[PDB]
Amino acid sequence: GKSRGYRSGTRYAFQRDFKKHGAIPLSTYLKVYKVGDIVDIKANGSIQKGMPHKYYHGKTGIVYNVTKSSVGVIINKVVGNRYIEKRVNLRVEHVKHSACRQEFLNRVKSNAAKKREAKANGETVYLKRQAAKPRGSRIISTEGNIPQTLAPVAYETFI
Amino acid sequence: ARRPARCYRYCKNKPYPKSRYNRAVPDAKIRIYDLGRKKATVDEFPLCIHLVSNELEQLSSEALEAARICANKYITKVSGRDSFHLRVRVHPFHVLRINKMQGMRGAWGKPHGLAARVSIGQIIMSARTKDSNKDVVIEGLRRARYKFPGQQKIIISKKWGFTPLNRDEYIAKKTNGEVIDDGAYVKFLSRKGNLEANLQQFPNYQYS
Amino acid sequence: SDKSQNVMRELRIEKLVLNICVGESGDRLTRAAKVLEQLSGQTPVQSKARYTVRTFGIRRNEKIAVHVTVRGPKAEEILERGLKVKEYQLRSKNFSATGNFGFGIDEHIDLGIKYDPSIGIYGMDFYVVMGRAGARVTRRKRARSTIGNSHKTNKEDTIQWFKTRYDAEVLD
Amino acid sequence: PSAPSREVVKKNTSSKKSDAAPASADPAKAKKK
Amino acid sequence: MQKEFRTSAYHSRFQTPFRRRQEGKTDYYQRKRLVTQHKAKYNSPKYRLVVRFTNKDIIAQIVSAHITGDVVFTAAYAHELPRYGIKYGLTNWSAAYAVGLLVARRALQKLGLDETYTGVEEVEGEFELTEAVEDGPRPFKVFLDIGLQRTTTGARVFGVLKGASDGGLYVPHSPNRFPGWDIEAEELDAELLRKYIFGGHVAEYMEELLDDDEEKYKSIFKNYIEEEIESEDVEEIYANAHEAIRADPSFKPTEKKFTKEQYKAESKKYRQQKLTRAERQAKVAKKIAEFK
RNA sequence: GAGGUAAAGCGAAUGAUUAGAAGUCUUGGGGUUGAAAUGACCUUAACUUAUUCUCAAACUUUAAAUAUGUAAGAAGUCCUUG
RNA sequence: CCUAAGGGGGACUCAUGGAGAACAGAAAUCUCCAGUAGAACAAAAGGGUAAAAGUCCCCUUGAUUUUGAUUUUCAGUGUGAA
RNA sequence: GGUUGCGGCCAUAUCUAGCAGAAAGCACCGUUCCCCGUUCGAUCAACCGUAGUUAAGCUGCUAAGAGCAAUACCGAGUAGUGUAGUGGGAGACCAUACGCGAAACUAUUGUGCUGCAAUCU
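As structure tokens, then:
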């Protein structure tokens, strides 16, 4: 007999972290979520109300609704050959702001600051990020660092 | 009763131990893992000789018992029962299953026996003895090798007895008062914890 | 500082607990409760058996014993009234490692109360809980903590205090 | 008279024999023989 | 015979509670219920009336919670009462009422809701909630946080409750925990509550004790004796103070006899300092040597 | 961001498991003390302490590789105020 | 299966071990200390829970009314459940 | 800098055993008329701040302390693993090529930081 209940296979996913059981620290309840915020979903096993399904554990989405104790998050899930928009109601204990927003929102500010200064100096600045390039030429000094010769070592048993 | 060992030679299944899920499991044929003068102190037997696996393989408890008996018999016959301490280093914890004892319907087997799953380089049997008793103990293990399937190597250890220290580091820690007897084994000095207890337990500790 | 001869380190009785474990429920337990209310002047409380034992003739949640807690001067008076029956002689194996001691009388009329044939005689159990000032730390709701090692009550201090305050003997 | 009762603090809901109550764990009360 | 319990594995796997729970000071269940705000009232904070009693002081604070820590809006302490004319019994039920009234008036002064939301100017002990004025800002809403202190009818925390409510703050509450509440006949005897507001119970104890046990009266009510304060003029001490509290509820900090730097320099002299790694290494070497 | 598989671990929890050593028996027996004292001794077996060999699909503090969610702007960012 | 074993609030801390108290002993009741949960939570197993979700006490019927949205199984149909 | 009230992170904060603590605070501490709760004013309630004490709590310091945390020419580029071959080997398995890369272990260091308000020799 197969069993396919709602929380099947969540033995380790919904467990609390080691030495982290019990009450929720209240910064979780002091965070403010606005429509359009990007949030990570991670089910807290100790709060069983407003709990996400195991599919959304580890997914990231857009807040579309804000209620008394919960947020509505939009998730795109693959069903066959397309994506379906899923609307999940989650209590804020299972939700955290995505840290990818704060990094990109800082690059927007930095680009704006760099661009305005270049206009003040009448010069140009390039704001596109670049991949790591192959390193240039260089000269290796050997004063105090004369090359040491290594050889493969013979076989030994150490038991 | 017993199928030929070739039917259970390879680690094809996941480990299947006794648990709350399989309970009607027979006992292993091997019950004794330490033989000879197992109460000898560490300083009495400096030489260690291993029987080492060159195989990823399963060894039945029957083979472990047979090899243990063969090695023990030979070494006690040639050098005496108190000239060595033999230790079997693998315990059979994996349960083999038998089906016949319809067709393929409902074919989940019943417990049939026990086997130890050994890797390459895994020590099967260890024998601590005196140096002068090398050729005997080796010949004791070389016979026991015949009771096992696959390839095994007889390797003379670099270490003092069953200790993790080389035969030179042990002497250094011994003349420095960092080793005390614990019966058949020893305790080593620690530079951590209560200083007074450490000093009391190792009075001959020449601190540097 | 850290003076052992400090005013607040004074040993004194916290409470005296009087136990009568009559093995049954009904008239005998009610009369034992009457005896306890007579001795202490306080309404006692009945204890129920935690589980069933056929050998002892008790069953779970059957009201078996009755006990009462007295504190203050009345505890001291009852304690010395009970020590009179013991003729002021306890044993070294009557004091716990935590500094408490107890004894047991065998007839409750030796204490000095009127005897009634209807009531009969009940034995009685005496236990004294010793403690210095500041035990409220371990019993208050907010900022509850534990008592420091030097401030703890132990067997030797309680034995010496008992010998001094009552001129009695602790038979080692 | 009033009849207050001692309240329940334990959680053992089972109505059975308790832990560590075995025979032969006791000494010989008649060892003096 | 028995296993030693405090093993290294016991300490390794032990999960210590929250720092302020192990201190036995914060009930985080109640704190979560008090602090958490409706998520659609995004950054609007909930304001708590923190009321704490020490052996000598009454602390009343108006607090809003934030991620970096709680932020005090205003605070009134009982040791501020001597400025207003109450010098003794700084932990009465009436001192609690005075502290609540003071914190309410001070908060309303800080906000600007003084002329609007005056409160109960004629304290008769009737149960009443600060009702909003039509076509005007709503009254400052504050929730009572009594912490770990038990809820009993007649407790002093509800004295601060009644004072703050009468001071003009909107603090939701019921009158069934006030002194003078008849639980059998579910109505509040406002006469006894008014008695408690103006120190009536203390004055009655003074009068009842003076004619029965004069020696105990001399020790318990010393300060009143050397102040020539009798029972009949106890009430005015509170009755005037209320008025005075309403006249100037602004906070006046105590003038400090020393500066912050002087306090720090003085205190730093009596603070032991951690041994350097070399110092304890030398101690270990010496202890080894003296062991031979 | 999420994960608990490979590996690893077991002088870390749970469960399994080999060997001694040192202590306590006061809440184990046999024998030997006693004309009786439960108050010693020899022993095995128990526990306790610090160690020791070996393990787990339905054990685990830790914990990959591969695979997987989101973001990388004009429907954006900032300023003022309906 | 449950008028509480549902709902709210309050108070308390569990399993177990050690040391003590007449009968009383390995197991009755009382006291202190230790006690990260080794207990309990109707019923399988897993997860969760300690000033509680456990134990006890007080009050109750939100196990009510109206009809939408959403998650799982999914065809993104029904039913069940949330 | 100390202390209190309310906190954030939730042991670098816990645990064991010692020692010290000026000022204020906190605390223990005293009492039972009143509101209130108990077998018990022990807890809870109220009253006095008066009679006393730093003994305890609390705070800090000590320990080749237990635990915890961090780091690393520690182990180890090891174990494992993605990709590849008409590679080896009877097989079990193994080596090599292009990549990713642990855990234990070992050693060293550390042992709460901090926000708002009030207060203090």
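Protein chains in written order, with UniProt numbering: chain F, 2 to 160; chain B, 2 to 102, 113 to 219; chain G, 2 to 173; chain U, 22 to 54; chain Z, 3 to 294.
For every residue, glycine included, the Cβ atom is placed at its ideal position computed from N, Cα and C.
Those residues which DSSP pairs with residue i across a bridge
i, result
"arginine 88 of chain B", "B/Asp35, B/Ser137"
"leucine 112 of chain G", "Partner(s): none; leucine 112 of chain G has no beta bridge."
"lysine 78 of chain F", "F/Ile85"
"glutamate 189 of chain Z", "Z/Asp184"
"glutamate 170 of chain G", "G/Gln90"
"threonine 76 of chain Z", "Z/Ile64"
"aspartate 147 of chain Z", "Z/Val52"
"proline 122 of chain B", "B/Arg98"
"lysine 16 of chain G", "G/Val130"
"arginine 128 of chain B", "B/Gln59"
"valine 197 of chain B", "B/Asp192"
Buried versus exposed, by CB contacts within 10 Å (16 or more), residue i
i, result
"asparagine 205 of chain B", "exposed"
"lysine 50 of chain F", "exposed"
"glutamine 163 of chain B", "buried"
"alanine 155 of chain F", "exposed"
"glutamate 28 of chain U", "exposed"
"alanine 66 of chain G", "buried"
"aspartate 147 of chain Z", "buried"
"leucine 172 of chain G", "exposed"
"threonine 154 of chain G", "buried"
"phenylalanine 57 of chain G", "exposed"
C-beta atoms of residue i and residue j nearer than 7 Å
i, j, result
"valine 89 of chain F", "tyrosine 57 of chain F", "yes"
"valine 36 of chain G", "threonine 70 of chain G", "no"
"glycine 165 of chain Z", "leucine 103 of chain Z", "yes"
"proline 93 of chain B", "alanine 126 of chain B", "yes"
"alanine 205 of chain Z", "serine 233 of chain Z", "yes"
"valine 162 of chain Z", "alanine 243 of chain Z", "no"
"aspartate 126 of chain G", "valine 86 of chain G", "no"
"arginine 32 of chain G", "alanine 50 of chain G", "no"
"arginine 154 of chain B", "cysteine 71 of chain B", "yes"
"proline 251 of chain Z", "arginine 108 of chain Z", "yes"
"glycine 62 of chain F", "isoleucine 75 of chain F", "yes"
"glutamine 217 of chain B", "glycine 188 of chain B", "yes"
"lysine 115 of chain F", "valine 126 of chain F", "yes"
"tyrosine 172 of chain Z", "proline 141 of chain Z", "yes"
Residue i CB to nearest heavy atom of the ligand ATP below 6 Å
i, result
"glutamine 163 of chain B", "By its list of ligands, the structure shown contains no ligand whatsoever, and the ligand ATP lies outside what it can speak to."
Fill in: Secondary structure, beta strand (DSSP E): runs of 3+ residues fully inside the region 31–74 of chain F
Taken in chain order, the whole beta strand (DSSP E) runs of length 3 or more contained in the region 31–74 of chain F are 39–42, 61–67.
Item to complete: Run through the region 204–234 of chain Z for me and flag every whole alpha helix (DSSP H) of 4 or more residues, listed as ranges in chain order.
Response: At a cut-off of 4 residues, the continuous stretches assigned as alpha helix (DSSP H) that sit fully inside the region 204–234 of chain Z are 216–222, 224–228.
Worksheet item: Fully enclosed by the region 84–124 of chain F, which beta strand (DSSP E) runs are 3 residues long or longer?
Response: Fully enclosed beta strand (DSSP E) runs of 3 or longer: 96–98.
Practice prompt. Could you say if the region 47–55 of chain B and the region 139–159 of chain B meet the contact criterion of at least three C-beta pairs nearer than 8 Å?
Written response: Taking a contact to require three or more Cβ pairs closer than 8 Å, the region 47–55 of chain B and the region 139–159 of chain B qualify as touching.
Discussion item. List, from N- to C-terminal side, the beta strand (DSSP E) runs of 3 residues or more that fit wholly inside the region 120–168 of chain G.
Written reply: Counting only runs of at least 3 residues, the region 120–168 of chain G fully encloses the following beta strand (DSSP E) elements, listed from N- to C-terminal order: 125–132.
Worksheet item: Counting Cβ pairs, one atom from each stretch, are 3 or more of them under 8 Å apart for the region 83–99 of chain B and the region 6–22 of chain B?
Response: Per the Cβ contact rule, the region 83–99 of chain B is in contact with the region 6–22 of chain B (3 or more Cβ pairs under 8 Å).
Practice prompt. Identify every run of the beta strand (DSSP E) within the region 23–67 of chain B, keeping only runs that are complete inside it and at least 3 residues long; order them along the chain.
Written response: If one requires a minimum length of 3 residues, the beta strand (DSSP E) runs lying completely within the region 23–67 of chain B are 35–37, 48–61, in chain order.
Fill in: Any 3 or more C-beta pairs closer than 8 Å across the region 164–179 of chain Z and the region 87–104 of chain Z
Yes, the region 164–179 of chain Z is in contact with the region 87–104 of chain Z.
Item to complete: Within the region 18–79 of chain G, note down every full beta strand (DSSP E) run reaching 3 residues or more, in order along the chain.
Response: Taking only runs of at least 3 residues, the beta strand (DSSP E) segments lying wholly in the region 18–79 of chain G are 46–49, 64–71.
Worksheet item: Can at least three beta-carbon pairs, one atom from the region 30–46 of chain B and one from the region 116–123 of chain B, be found at a separation below 8 Å?
Response: By the Cβ test, the region 30–46 of chain B is not in contact with the region 116–123 of chain B, since fewer than three Cβ pairs between them sit closer than 8 Å.
Discussion item. Using a Cβ distance threshold of 8 Å, determine whether the region 101–115 of chain G contacts the region 127–136 of chain G, with at least three qualifying pairs required.
Written reply: Judged by Cβ distances under 8 Å, the region 101–115 of chain G makes contact with the region 127–136 of chain G, as three or more pairs qualify.
Fill in: Every unbroken beta strand (DSSP E) inside the region 104–161 of chain Z [3 residues or more]
Within the region 104–161 of chain Z, the complete beta strand (DSSP E) runs of at least 3 residues fall at 145–147.
Fill in: Contiguous beta strand (DSSP E) assignments of at least 3 residues, all confined to the region 142–193 of chain B
If one requires a minimum length of 3 residues, the beta strand (DSSP E) runs lying completely within the region 142–193 of chain B are 163–167, 190–192, in chain order.
Practice prompt. For the region 53–63 of chain B and the region 25–35 of chain B, state whether three or more C-beta atom pairs, one from each stretch, are separated by less than 8 Å.
Written response: Touching, yes.
Discussion item. With three or more C-beta pairs closer than 8 Å as the rule, is the region 179–198 of chain Z touching the region 120–129 of chain Z?
Written reply: Between the region 120–129 of chain Z and the region 179–198 of chain Z, the count of C-beta pairs closer than 8 Å reaches three or more; the two stretches touch.
Practice prompt. Determine contact between the region 26–33 of chain Z and the region 23–38 of chain F, defined as no fewer than three beta-carbon pairs at a distance below 8 Å.
Written response: At 8 Å Cβ cutoff, the stretches touch.
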